[PDB]
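Each remark here refers to the structure printed beneath this line.
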Amino acid sequence: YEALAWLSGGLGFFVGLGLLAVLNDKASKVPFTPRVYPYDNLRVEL
Amino acid sequence: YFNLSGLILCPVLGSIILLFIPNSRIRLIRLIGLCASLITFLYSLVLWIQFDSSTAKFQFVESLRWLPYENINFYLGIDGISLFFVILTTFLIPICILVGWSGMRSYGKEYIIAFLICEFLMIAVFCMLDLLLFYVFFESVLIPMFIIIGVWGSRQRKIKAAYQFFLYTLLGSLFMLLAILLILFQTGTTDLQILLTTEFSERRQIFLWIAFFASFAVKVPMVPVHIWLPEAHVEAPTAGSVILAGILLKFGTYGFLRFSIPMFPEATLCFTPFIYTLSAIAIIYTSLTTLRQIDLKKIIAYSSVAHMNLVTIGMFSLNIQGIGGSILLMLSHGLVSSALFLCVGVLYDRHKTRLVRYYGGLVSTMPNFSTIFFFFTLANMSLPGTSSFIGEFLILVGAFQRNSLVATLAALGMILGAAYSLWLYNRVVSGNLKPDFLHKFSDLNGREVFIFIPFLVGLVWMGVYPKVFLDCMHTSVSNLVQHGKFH
Amino acid sequence: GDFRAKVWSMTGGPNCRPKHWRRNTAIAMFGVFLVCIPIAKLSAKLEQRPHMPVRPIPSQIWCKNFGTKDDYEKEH
Amino acid sequence: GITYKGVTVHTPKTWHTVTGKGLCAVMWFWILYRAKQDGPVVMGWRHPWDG
Amino acid sequence: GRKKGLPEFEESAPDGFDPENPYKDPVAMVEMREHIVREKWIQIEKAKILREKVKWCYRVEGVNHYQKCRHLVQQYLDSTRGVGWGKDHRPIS
Amino acid sequence: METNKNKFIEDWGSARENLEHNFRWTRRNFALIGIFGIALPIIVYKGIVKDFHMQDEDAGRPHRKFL
Amino acid sequence: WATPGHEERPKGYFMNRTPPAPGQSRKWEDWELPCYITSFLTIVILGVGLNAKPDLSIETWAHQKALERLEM
Amino acid sequence: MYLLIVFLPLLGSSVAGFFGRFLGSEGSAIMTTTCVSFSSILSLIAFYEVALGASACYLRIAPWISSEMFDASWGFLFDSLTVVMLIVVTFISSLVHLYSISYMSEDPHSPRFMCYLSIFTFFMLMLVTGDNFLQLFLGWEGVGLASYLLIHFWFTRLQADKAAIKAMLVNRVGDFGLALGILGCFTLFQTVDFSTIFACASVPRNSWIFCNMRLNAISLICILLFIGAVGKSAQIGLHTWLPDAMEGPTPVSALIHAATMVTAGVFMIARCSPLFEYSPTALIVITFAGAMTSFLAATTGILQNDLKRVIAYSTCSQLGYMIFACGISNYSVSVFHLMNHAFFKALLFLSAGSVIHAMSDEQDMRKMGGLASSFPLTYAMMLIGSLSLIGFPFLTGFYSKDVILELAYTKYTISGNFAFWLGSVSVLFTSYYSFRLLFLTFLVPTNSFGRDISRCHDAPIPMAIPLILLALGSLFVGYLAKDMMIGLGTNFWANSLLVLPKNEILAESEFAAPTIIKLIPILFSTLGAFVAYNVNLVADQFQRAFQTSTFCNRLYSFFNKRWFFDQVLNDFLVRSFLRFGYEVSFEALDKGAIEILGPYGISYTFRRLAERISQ
Ligand SMILES: CCCCCCCCCCCCCCCCCC(=O)O[C@@H](COC(=O)CCCCCCCCCCCCCCC)COP(=O)(O)OCC[N+](C)(C)C
Ligand SMILES: CCCCCCCCCCCCCCCCCCCC(=O)O[C@H](COC(=O)CCCCCCCCCCCCCC)COP(=O)(O)OCCN
């Protein structure tokens with residue numbers, strides 16, 4: 001039974017670290033614009 | 001010009017000739033029985049070559065009048081579905097004669113007579129097109145298998161196995177017979193072609209379908225009544241244990257594919273979810289039950305139940321994939337279960353244990369049998385390249401065309417099937433030997449090493465190139481699935 | 001293996017080391033070569049290779065199908 | 001070979017130590033040469049003539 | 001006897017068949033069923049032919065496969081929409 | 001060639017074979033038999049029937065009665 | 001390698017059948033011929049029968065009719 | 001020529017296993033090595049004819065299942081991704097066969113080992129060259145079976161039997177996942193062939209009814225394929241079989257538990273690149289699980305004291321980074337890591353096996369001490385392997401192990417920063433244990449017994465040439481392959497990979513990344529090396545052996561027992577199912593209630609009803 005709590009606790013560390021990544025908001029701090037490609041961003045190629 | 005009637009008559013001639021000769025000349029009896037079985041097998045193969053797979057109508061038909069009005073008569077005939085069952089039942093009988101070849105002096109001429117009568121009767125079941133007379137031959141196998149189980153069976157519980165086997169095929173059989181009579185009185189004839197093209201009442205198909213399923217849910221090991229197979233199969237002789245799981249379990253499925261799916265199409269749709277639940281719970285429950293077994297026979301008898309239940313999932317999923325995979329897995333099981341039960345029989349006929357814990361670590365002593373057993377339990381796993389995989393995956397594909405829940409449980413069946421199959425393999429062939437009760441024991445002699453060679457070649461031929469088998473049936477399966485489905 | 005010398009051991013016993021294995025090895029190589037010749041013949045018979053090579057490869061010495069699939073309309 | 005007070009070890013083979021030493025030397029040389037050529041490229045000291 | 005060749009079958013739809021009362025005429029039922037299944041298999045083989053065509057496309061197409069085989073993709077998918085006895089989409093023939 | 005078949009095995013083998021004499025409808029085991037005999041079949045039956053119903057809902061066809 | 005070895009004959013007996021004395025046949029079993037001839041006939045009839053039979057089916061017929069019909 | 005590569009191992013194993021008596025204990029081994037060596041030679045020929053001479057060859061033998069548009073065939077797919085995997089698998093198999101002639105020379109069952117590995121090599125060649133799912137599934141289940149067989153090589157080992165059975169359990173869970181994925185492909189595209197799904201995988205955008213809710217097909221299929229590959233790729237779902245599967249022979253743990261089957265799922269997901277690409281939801285869980293495993297294995301592998309077990313966790317960490325590199329839509333970097341790893345990790349296991357063979361199988365780092373000059377060649381071999389494992393700068397390890405983290409930072413999402421953090425952190429633990437292996441063994445005052453020291457017996461010629469070849473590989477293969485697989489737009493993946501224009505962080509990564517991050521893995525590796533030196537050679541009185549009472553020794557048990565997950569999973573699933581397989585069914589079903597009110601339990605009233613009608 002003691003070993004069970006480690007699995008929940010260990011996964012709790014990861015979701016807790018996963019929650020930290022959510023709070024950090026890495027997505028919106030890009031130093032670059034979205035990529036631009038010729039021919040309407042390759043519309044005929046897609 | 002080889003017709004269907006000669007195939008039926010060959011076992012009859014072999015049995016009648018065998019009764020003429022006395023019992024003192026035992027060599028003549030066994031020789032003539034094996035010769036008759038083998039020539040019947042060759043005749044069955046010849047019938048395969050001259051089989052038109054393009055047309056949808058039935059092949060060779062022989063009509064022998066039964067009632068004075070020609071109302072109902074013996075209407076023999078094969079199609080894409082019935083041909084392979086005929087080939088399999090002609091192939092299994094010589095194996096049955098060959099396994100007990102050493103003990104023929106102990107059994108006698110009744111043994112071969114019973115087996116040839118079984119071959120005749122089982123051939124007559126699969127290749128006939130009269131619904132009523134098919135019922136007559138359908139439970140006509142009661143007498144010969146009752147004799148086989150009872151006369152040469154267990155020590156003292158042989159009586160109870162015969163009674164349970166005989167009792168389970170009475171109430172459902174006659175409750176089916178009532179529906180047979182209602183169909184006969186309503187339409188007028190029991191000819192299959194006539195009965196297919198009939199407008200049944202919407203409320204009537206429910207009762208008739210239930211009555212048919214009641215007598216097929218006992219032959220196919222469904223959830224309510226499947227406990228007969230383990231007990232009546234352990235308490236059975238090895239040659240009687242190789243056709244009980246090789247042919248009899250096909251009667252229910254074949255009967256579903258002949259007189260249940262076509263005649264009652266919308267009843268099949270209305271009863272589809274119920275069959276799915278029954279088959280899924282059967283698969284799961286049997287899988288969990290079989291992994292804590294110590295009887296050397298039931299351990300694979302439950303595997304047979306699981307495979308037969310998985311068959312119905314795609315058999316009742318109206319689809320070309322589902323039904324084709326159904327018959328392919330049916331033939332694959334008819335081979336693999338037969339091979340497994342022959343392996344159990346040879347293991348039992350040396351040591352006479354009927355347990356699992358006694359055997360252990362015999363790979364250093366019987367390497368040939370070890371390899372053969374590994375290949376058979378490997379086919380039971382449903383490896384691609386083996387017989388079971390193509391059919392069983394086709395069943396999964398066909399059911400997933402219709403439904404997305406139940407056959408996922410069917411696939412979950414194999415997440416434990418393979419596990420306990422290899423675990424069972426590792427009980428016996430692995431570990432250190434225990435020469436405290438295994439003093440002397442030998443390996444397969446020339447007979448039982450050659451007996452598996454047809455099994456090996458048929459298994460690999462199923463696995464690597466099943467196109468020839470699918471070629472002859474795609475017309476019949478497609479005709480079956482589209483019947484009464486105008487749009 | 002006191003008793004293990006009595007079993008057939010299809011792939012070889014505990015420590016077989018037969019008296020003449022080198023000749024069996026040589027005949028085994030000869031048989032493998034003889035049986036893989038038809039495999040090579042079949043492989044050279046069926047190989048599409050839709051695109052022509054940029055440089056001459058050790059192929060097209062026994063394979064004659066090169067650039068035979070740039071006609072993807074008459075396909076069955 | 002020889003024993004100290006009860007433990008004796010076979011002399012390492014000549015064809016093993018020599019190859020080990022030489023191959024270690026040649027991989028060290030390759031590492032140092034790669035450092036000389038493209039060392040500034042991966043450390044940002046200088047770009048591979050692309051700007 | 002045999003024609004020792006392809007099994008020629010009548011392309012003409014059988015006569016005497018009425019969708020409102022199919023079960024009235026039993027003798028015409030089986031050939032209509034055979035004709036329907038044969039036509040379904042014709043559609044299946046047409047879909048397989050389109051699949052083979054796109055099969056041979058993808059090898060020659062290269063990186064930019066979308067550009068010059070997009071027209072055949074729709075042709076293959078519309079065939080797969082009315083396929084035989086498949087998923088919940090049952091064709092109405 | 002027949003095994004020794006020591007006495008301390010057949011008793012347990014028959015106990016596994018003859019377990020039919022040990023059943024007295026105990027309440028905990030009665031709930032255990034009832035749940036796996038009825039509820040799980042009912043739950044799975046609802047699963048398949050609702051899977052069919054949701055499949056038919058998207059296509060827009062009316063639901064089959066499925067008695 | 002360079003040494004030839006030992007164990008003049010591989011251990012064990014094939015099929016557990018003891019080898020007969022030199023100059024005598026194997027004394028074929030009473031079912032040996034009837035079943036070997038059965039196997040031989042089955043192998044040959046499957047080899048020459050399943051291949052010399054016409055390739056008539058619904059796959060090839062549908063193939064031909066799909067090729068002929070797709071052109072219009 | 002091209003059919004030969006896959007059938008030489010199969011035919012050689014078949015003849016060497018059916019007639020192993022004829023060829024003996026050495027002829028079978030040498031002939032299997034010969035067959036696999038020529039298979040590798042034709043693999044190199046195919047690589048030249050396909051990779052450099054870019055023209056994929058396609059050949060079809062005969063339909064396998066000719067049913068209603070389920071035309072699975074025996075056709076073969078030879079693209080750039082196939083050949084680069086072949087030149088790895090067959091080359092490593094041939095060198096392992098050479099290594100095993102001398103390693104498996106004192107053992108009795110020599111031919112059976114050779115035939116097992118040769119049929120396995122045939123199965124994996126069928127996997128790699130397979131044109132459709134069913135053939136790929138065939139090879140995949142075959143390689144799973146053969147892995148089980150090799151774990152079960154010594155049948156008499158009770159522990160090995162259980163380990164093989166558990167490996168079969170997890171592999172069968174993977175079989176469930178991958179079979180469901182494969183069939184789900186057919187219900188959507190009405191095909192299983194690679195060239196049809198890839199050609200038309202973008203058109204459908206419908207949602208299915210998959211048994212609980214409405215889910216998008218492509219996302220569901222990708223998730224199902226991941227659930228299939230978790231067992232094979234050893235991901236977070238089920239990867240407890242690697243450390244427990246080291247009970248088998250070293251060469252198979254050297255050959256296969258480190259090179260290709262562990263990356264078989266990686267190769268499978270890379271092969272179906274234009275199917276995972278259209279489901280951005282899937283790539284999230286791919287990256288999440290990759291980071292999860294790369295952290296789990298690195299953390300669990302730091303306190304292990306077993307020679308053959310500690311490196312399995314390193315292999316699991318490598319699998320984690322490979323999965324992460326797959327989830328970034330940069331599978332070219334993932335396969336680059338694959339080819340780099342297949343050299344040095346196999347080199348590390350082969351050197352460890354050479355050491356363990358000479359020291360009479362004493363795989364406990366508590367024992368071996370300083371006898372490096374006794375084994376200089378193997379020391380150099382494993383030094384090269386471990387330095388490539390570290391990602392030593394300007395070696396075959398640096399060209400992938402740093403680039404993967406660099407690409408990890410350059411993508412900006414929620415899970416991206418998480419995965420980058422885990423990948424950066426795992427470097428410390430990985431370097432720590434990979435250097436503790438070299439410290440506690442051959443670099444500390446000796447603790448091994450005199451009976452093992454006196455044996456000596458340096459590795460002979462047979463198991464030293466493959467070591468030399470792998471050493472010369474994992475020193476220049478990375479440099480010779482960095483330009484020609486990932487050259488910022490090379491023409492090496494015309495049809496093997498589909499690179500999405502949007503998820504294409506390759507050009508912007510090399511230039512917009514800061515210089516500081518491009519060197520921080522080196523600093524982490526040096527810090528790990530210094531920590532290992534401190535705890536293993538200078539400060540080991542308290543940093544190595546702590547006599548703590550509570551809250552600190554439980555930490556020692558936590559990492560050593562692998563977070564106790566090998567016990568929780570057993571007791572909570574396997575034990576539960578083992579108990580409830582009989583407890584409910586065999587007691588309250590089958591014989592029982594269906595019997596007491598059935599045939600003869602209490603419905604046999606006639607016996608009690610017999611003596612009432614004769615009144
Ligand atoms: C659906 C099947 C698909 C194909 C699967 C093929 C996979 C191979 C299947 C057989 C694997 C071998 C397992 C045999 C049982 C293992 C234990 C055993 O009994 O081994 C035997 C035989 O050993 C063998 O493994 C030989 C069997 C052949 C193995 C090689 C198989 C090659 C052919 C199959 C693959 C061909 C290519 C694919 C075909 C299309 C004896 O071993 P010994 O070394 O002699 O030990 C001696 C015993 N004692 C110590 C007590 C004295
Ligand atoms: C220990 C010694 C064993 C020796 C065995 C032979 C040695 C080889 C061992 C390898 C195993 C071979 C097993 C057979 C594999 C056949 C694979 C190819 C079959 C195939 O697809 O081609 C078919 C050939 O039919 C045929 O002719 C196949 C004939 C095979 C006969 C096998 C007899 C098995 C009998 C078992 C009965 C079980 C009954 C169960 C229902 C027709 O192909 P197609 O469609 O293109 O037509 C052609 C029209 N031009």
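Convention: chains lettered A, B, ... in structure tokens order; per-chain residue numbering from 1; ligands numbered from 1 as shown.
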
*Please provide as an MDAnalysis selection string all residues within 10 Å of stretch 19-30 of chain G, with the sequence filter that same-chain residues fewer than 3 positions apart are discarded (counting only C-alpha atoms).*
(chainID B and resid 27 30:31 446:447) or (chainID G and resid 13:14 16 33:35)

*Identify, on the basis of only C-alpha atoms, every residue whose closest approach to residue F:45 does not exceed 7 Å; exclude the query and any residue fewer than 5 positions from it along the same chain; express the result as a ChimeraX atom specification.*
/B:273-274,277

Would you save the residues from that selection as a CSV table (one decimal), in the first residue's frame, using C-alpha atoms?
```csv
chain,number,residue,atom,x,y,z
B,273,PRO,CA,-26.6,-6.7,-29.9
B,274,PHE,CA,-27.7,-9.6,-27.6
B,277,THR,CA,-22.9,-9.3,-25.5
```

_If the limit is 7 Å from any atom of ligand 2, counting only C-alpha atoms and all ligand atoms, which residues qualify? Return them as number ranges by chain._
B: 84, 87-88, 91, 331, 335, 453-455, 457-458, 460-461, 464-468; G: 42-43, 46-53, 55

*May I ask you to extract the residues of chain B within 10 Å of chain C, using only C-alpha atoms, and to give them as number ranges by chain?*
B: 363-368, 371, 442-443

*What residues in chain H lie within 10 Å of chain E, counting only C-alpha atoms, written as a count of residues only?*
32

Quick check: residues of chain H within 12 Å of chain G, only C-alpha atoms, returned as an mmCIF file with N, CA, C and O atoms, in the first residue's frame.
```cif
data_model
loop_
_atom_site.group_PDB
_atom_site.id
_atom_site.type_symbol
_atom_site.label_atom_id
_atom_site.label_comp_id
_atom_site.auth_asym_id
_atom_site.auth_seq_id
_atom_site.Cartn_x
_atom_site.Cartn_y
_atom_site.Cartn_z
ATOM 1 N N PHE H 19 18.663 -29.563 -39.525
ATOM 2 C CA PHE H 19 19.809 -30.453 -39.648
ATOM 3 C C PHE H 19 20.996 -29.927 -38.850
ATOM 4 O O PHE H 19 22.134 -29.921 -39.325
ATOM 5 N N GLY H 20 20.740 -29.470 -37.623
ATOM 6 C CA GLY H 20 21.822 -29.020 -36.765
ATOM 7 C C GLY H 20 22.757 -30.128 -36.335
ATOM 8 O O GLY H 20 23.909 -29.852 -35.982
ATOM 9 N N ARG H 21 22.285 -31.376 -36.351
ATOM 10 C CA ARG H 21 23.156 -32.509 -36.062
ATOM 11 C C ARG H 21 24.249 -32.645 -37.111
ATOM 12 O O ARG H 21 25.406 -32.934 -36.783
ATOM 13 N N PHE H 22 23.897 -32.451 -38.384
ATOM 14 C CA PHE H 22 24.864 -32.615 -39.465
ATOM 15 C C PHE H 22 25.997 -31.602 -39.354
ATOM 16 O O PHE H 22 27.175 -31.953 -39.484
ATOM 17 N N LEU H 23 25.659 -30.336 -39.110
ATOM 18 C CA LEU H 23 26.658 -29.275 -39.130
ATOM 19 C C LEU H 23 27.341 -29.071 -37.785
ATOM 20 O O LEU H 23 28.326 -28.329 -37.713
ATOM 21 N N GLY H 24 26.849 -29.702 -36.725
ATOM 22 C CA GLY H 24 27.504 -29.629 -35.438
ATOM 23 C C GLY H 24 27.307 -28.302 -34.728
ATOM 24 O O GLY H 24 26.498 -27.454 -35.112
ATOM 25 N N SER H 25 28.082 -28.134 -33.656
ATOM 26 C CA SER H 25 27.995 -26.951 -32.810
ATOM 27 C C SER H 25 28.763 -25.757 -33.360
ATOM 28 O O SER H 25 28.565 -24.639 -32.871
ATOM 29 N N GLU H 26 29.627 -25.956 -34.353
ATOM 30 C CA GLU H 26 30.398 -24.867 -34.939
ATOM 31 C C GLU H 26 30.059 -24.598 -36.395
ATOM 32 O O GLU H 26 30.079 -23.436 -36.816
ATOM 33 N N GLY H 27 29.759 -25.641 -37.170
ATOM 34 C CA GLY H 27 29.374 -25.434 -38.556
ATOM 35 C C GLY H 27 28.105 -24.617 -38.687
ATOM 36 O O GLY H 27 28.009 -23.737 -39.545
ATOM 37 N N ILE H 30 29.023 -20.917 -37.920
ATOM 38 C CA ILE H 30 29.790 -20.256 -38.971
ATOM 39 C C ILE H 30 28.933 -20.054 -40.214
ATOM 40 O O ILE H 30 29.044 -19.030 -40.895
ATOM 41 N N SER H 66 -6.716 -11.951 -50.373
ATOM 42 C CA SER H 66 -7.413 -11.376 -51.522
ATOM 43 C C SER H 66 -8.917 -11.430 -51.269
ATOM 44 O O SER H 66 -9.657 -12.197 -51.884
ATOM 45 N N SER H 67 -9.368 -10.593 -50.341
ATOM 46 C CA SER H 67 -10.778 -10.431 -50.025
ATOM 47 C C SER H 67 -11.260 -9.083 -50.559
ATOM 48 O O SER H 67 -10.566 -8.415 -51.335
ATOM 49 N N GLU H 68 -12.468 -8.693 -50.156
ATOM 50 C CA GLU H 68 -13.056 -7.437 -50.608
ATOM 51 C C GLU H 68 -12.173 -6.260 -50.200
ATOM 52 O O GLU H 68 -12.131 -5.879 -49.025
ATOM 53 N N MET H 69 -11.463 -5.701 -51.187
ATOM 54 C CA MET H 69 -10.499 -4.608 -51.048
ATOM 55 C C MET H 69 -9.738 -4.630 -49.726
ATOM 56 O O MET H 69 -9.574 -3.600 -49.064
ATOM 57 N N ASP H 71 -6.606 -6.164 -50.001
ATOM 58 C CA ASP H 71 -5.562 -6.842 -50.756
ATOM 59 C C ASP H 71 -4.196 -6.647 -50.118
ATOM 60 O O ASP H 71 -3.334 -5.961 -50.676
#
```

Do me a favour and pick out the residues of chain B within 10 Å of chain G, using only C-alpha atoms, as a CSV table (one decimal) with N, CA and C atoms, in the first residue's frame.
```csv
chain,number,residue,atom,x,y,z
B,27,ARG,N,-6.1,-57.4,-38.2
B,27,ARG,CA,-5.3,-56.6,-39.2
B,27,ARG,C,-6.1,-56.3,-40.4
B,30,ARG,N,-8.6,-53.2,-39.4
B,30,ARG,CA,-7.9,-51.9,-39.3
B,30,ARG,C,-7.5,-51.5,-40.7
B,31,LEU,N,-7.0,-52.4,-41.5
B,31,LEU,CA,-6.5,-52.1,-42.9
B,31,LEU,C,-7.7,-51.6,-43.7
B,34,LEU,N,-9.0,-48.1,-42.5
B,34,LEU,CA,-8.1,-47.0,-42.9
B,34,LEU,C,-8.2,-46.8,-44.4
B,35,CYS,N,-8.3,-47.9,-45.2
B,35,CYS,CA,-8.4,-47.7,-46.7
B,35,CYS,C,-9.6,-47.0,-47.1
B,38,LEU,N,-9.3,-43.3,-46.2
B,38,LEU,CA,-8.4,-42.6,-47.1
B,38,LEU,C,-9.0,-42.4,-48.5
B,39,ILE,N,-9.8,-43.4,-49.0
B,39,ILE,CA,-10.4,-43.3,-50.3
B,39,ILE,C,-11.5,-42.2,-50.3
B,41,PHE,N,-11.4,-39.7,-48.3
B,41,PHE,CA,-10.6,-38.4,-48.3
B,41,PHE,C,-10.2,-38.0,-49.7
B,42,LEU,N,-9.7,-38.9,-50.5
B,42,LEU,CA,-9.3,-38.6,-51.8
B,42,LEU,C,-10.5,-38.2,-52.7
B,45,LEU,N,-11.3,-34.6,-51.9
B,45,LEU,CA,-10.4,-33.7,-52.6
B,45,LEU,C,-10.7,-33.6,-54.1
B,46,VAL,N,-11.1,-34.8,-54.7
B,46,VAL,CA,-11.5,-34.7,-56.1
B,46,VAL,C,-12.7,-33.8,-56.3
B,48,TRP,N,-13.3,-31.2,-54.7
B,48,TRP,CA,-12.8,-29.8,-54.6
B,48,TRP,C,-12.4,-29.3,-56.0
B,49,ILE,N,-11.7,-30.1,-56.8
B,49,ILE,CA,-11.2,-29.6,-58.1
B,49,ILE,C,-12.3,-29.2,-59.0
B,50,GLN,N,-13.3,-30.0,-59.1
B,50,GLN,CA,-14.5,-29.8,-60.0
B,50,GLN,C,-15.6,-29.0,-59.3
B,51,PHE,N,-15.2,-27.8,-58.7
B,51,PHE,CA,-16.1,-27.0,-58.0
B,51,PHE,C,-16.1,-25.6,-58.6
B,52,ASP,N,-17.3,-25.2,-59.2
B,52,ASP,CA,-17.4,-23.9,-59.8
B,52,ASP,C,-17.6,-22.8,-58.8
B,53,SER,N,-16.6,-22.0,-58.6
B,53,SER,CA,-16.7,-20.9,-57.7
B,53,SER,C,-17.3,-19.6,-58.3
B,54,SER,N,-17.6,-19.6,-59.5
B,54,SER,CA,-18.2,-18.4,-60.2
B,54,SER,C,-19.7,-18.3,-59.9
B,55,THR,N,-20.4,-19.4,-60.1
B,55,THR,CA,-21.9,-19.4,-60.0
B,55,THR,C,-22.3,-19.3,-58.5
B,56,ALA,N,-23.5,-18.8,-58.2
B,56,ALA,CA,-24.0,-18.7,-56.9
B,56,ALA,C,-24.9,-19.9,-56.6
B,94,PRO,N,-9.6,-40.3,-41.0
B,94,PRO,CA,-8.4,-41.2,-41.1
B,94,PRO,C,-7.4,-40.9,-39.9
B,98,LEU,N,-6.1,-43.5,-37.1
B,98,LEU,CA,-4.7,-43.7,-37.0
B,98,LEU,C,-4.2,-43.5,-35.6
B,101,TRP,N,-4.5,-46.7,-33.5
B,101,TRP,CA,-4.1,-47.8,-34.3
B,101,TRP,C,-3.4,-48.9,-33.4
B,368,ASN,N,11.4,-33.6,-30.5
B,368,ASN,CA,10.5,-33.5,-31.6
B,368,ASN,C,9.1,-33.1,-31.2
B,442,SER,N,9.1,-42.3,-23.7
B,442,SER,CA,9.7,-42.2,-25.0
B,442,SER,C,9.1,-41.0,-25.8
B,443,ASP,N,9.6,-40.8,-27.0
B,443,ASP,CA,9.1,-39.8,-27.9
B,443,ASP,C,8.2,-40.4,-29.0
B,444,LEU,N,7.7,-39.6,-29.9
B,444,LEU,CA,6.8,-40.0,-30.9
B,444,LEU,C,7.5,-41.0,-31.9
B,445,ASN,N,6.8,-42.1,-32.2
B,445,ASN,CA,7.3,-43.1,-33.1
B,445,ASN,C,6.9,-42.6,-34.5
B,446,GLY,N,7.1,-43.5,-35.5
B,446,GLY,CA,6.9,-43.2,-36.9
B,446,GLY,C,5.4,-42.8,-37.2
B,447,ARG,N,4.5,-43.4,-36.5
B,447,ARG,CA,3.1,-43.1,-36.8
B,447,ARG,C,2.7,-41.6,-36.4
B,448,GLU,N,2.9,-41.3,-35.1
B,448,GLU,CA,2.4,-40.0,-34.6
B,448,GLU,C,3.4,-38.8,-34.9
B,449,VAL,N,4.5,-39.1,-35.6
B,449,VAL,CA,5.3,-38.0,-36.1
B,449,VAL,C,4.8,-37.7,-37.5
B,450,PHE,N,4.4,-38.7,-38.3
B,450,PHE,CA,3.8,-38.5,-39.6
B,450,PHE,C,2.4,-37.9,-39.5
B,451,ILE,N,1.7,-38.2,-38.5
B,451,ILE,CA,0.3,-37.8,-38.4
B,451,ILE,C,0.2,-36.3,-38.3
B,453,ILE,N,2.2,-34.2,-39.8
B,453,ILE,CA,2.7,-33.6,-41.1
B,453,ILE,C,1.6,-33.0,-41.9
B,454,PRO,N,0.4,-33.7,-42.1
B,454,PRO,CA,-0.7,-33.0,-42.7
B,454,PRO,C,-1.2,-31.8,-42.0
B,468,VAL,N,-6.6,-19.2,-52.1
B,468,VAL,CA,-7.3,-20.3,-52.8
B,468,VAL,C,-8.6,-20.6,-52.0
B,471,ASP,N,-11.0,-17.8,-52.5
B,471,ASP,CA,-11.4,-17.7,-53.9
B,471,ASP,C,-12.7,-18.4,-54.1
B,472,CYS,N,-12.9,-19.6,-53.5
B,472,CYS,CA,-14.1,-20.4,-53.8
B,472,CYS,C,-15.3,-20.0,-53.0
B,473,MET,N,-15.2,-19.1,-52.0
B,473,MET,CA,-16.3,-18.8,-51.2
B,473,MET,C,-16.8,-17.3,-51.3
B,474,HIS,N,-16.1,-16.4,-52.0
B,474,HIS,CA,-16.5,-15.1,-52.0
B,474,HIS,C,-17.9,-14.9,-52.7
B,475,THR,N,-18.2,-15.8,-53.7
B,475,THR,CA,-19.5,-15.7,-54.3
B,475,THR,C,-20.6,-16.1,-53.3
```

*For atom CA of residue H:240 and atom CA of residue H:316, determine how far apart the two atoms are, in Å to one decimal place.*
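Calculated distance between atom CA of residue H:240 and atom CA of residue H:316 is 10.1 Å.
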
*Counting only C-alpha atoms, which residues of chain C come no farther than 9 Å from chain E, as a PyMOL selection string?*
chain C and resi 50-51+69-76

Any chance you could export the current selection's C-alpha atoms as a compact mmCIF listing (two decimals), in the first residue's frame?
```
# COMPACT_ATOMS: atom_id res chain seq x y z
CA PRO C 50 9.82 3.35 -61.48
CA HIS C 51 12.60 5.97 -61.42
CA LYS C 69 5.79 2.83 -64.29
CA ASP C 70 5.77 6.46 -65.45
CA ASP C 71 2.52 5.60 -67.30
CA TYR C 72 0.17 5.55 -64.33
CA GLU C 73 -3.08 5.50 -66.30
CA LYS C 74 -3.09 2.03 -67.89
CA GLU C 75 -2.89 0.31 -64.50
CA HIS C 76 -5.11 -2.58 -63.45
```
